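Just the one chain here, laid out as structure tokens, in the form deposited in one PDB entry.
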């Protein structure tokens, strides 16, 4: 059970009970506790412990959290050369999970390698 700290402003990924995803910098927020389940080698599912929902990425780039586990909930997890990890959708292969410098999530379709927004460090 980890927290995912984003290099882009230092927000932690937060999954709310109603399915909304955003970022906050408060380490005691209960909704930033996550479960990263290894689904296959290099692939994980990310679940919000309190929300009881799985992070998912939609065809249009939206990020939200669902009750169901479908193929939109699988992400390839890679440790990059800078020792940060990235989470790229298994279904929408060019898009990454990411947070903006203001704390809101960044649409999948506007992400890509090289942006700080896509870099996260898993913390206990």
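The term rigid core refers to the most C-alpha atoms you can superpose between the two forms while keeping them within 1.5 Å. Positions refer to the first chain, counted from 1. Only residues modelled in both forms are compared.
Taking only CA atoms, the mean B-factor in the PDB entry is higher for 1-9 than for the other of 113-121 and 1-9.
For the segment pair 64-72 and 36-44, the entry gives 64-72 the higher mean B-factor, averaged over Cα atoms. Per the PDB record, residue ranking by Cα B-factor puts residue 50 in the lowest third of the chain.
Annotation for residue 89: C-alpha temperature factor in the middle third relative to the rest of the modelled chain, per the entry.
Residue 25: CA B factor in the highest third of modelled residues in this chain (values from the PDB entry).
Only in words, not in the display: the form solved in complex with a small molecule, which the text now covers.
Listed residues 49, 64, 36, 43 were compared with the small molecule in the deposited complex; 64 is the one with a heavy atom within 4.5 Å. The small molecule is not shown here, and in the deposited complex it never comes within 4.5 Å of any heavy atom of residue 12. When contacts are judged by a 4.5 Å heavy atom cut-off, residue 77 does not count as touching the small molecule in the deposited complex. In the deposited complex, at least one heavy atom of residue 59 sits within 4.5 Å of the small molecule.
Of the residues 37, 70, 83, 94, exactly one exceeds or equals a 2 Å C-alpha shift between the shown form and the other one once the rigid core is aligned, and that residue is 83.
Shifted stretches between the shown form and the other one, defined as 3+ consecutive common residues each with a CA displacement of 2 angstroms or more after rigid core fitting, are limited to 81-83.
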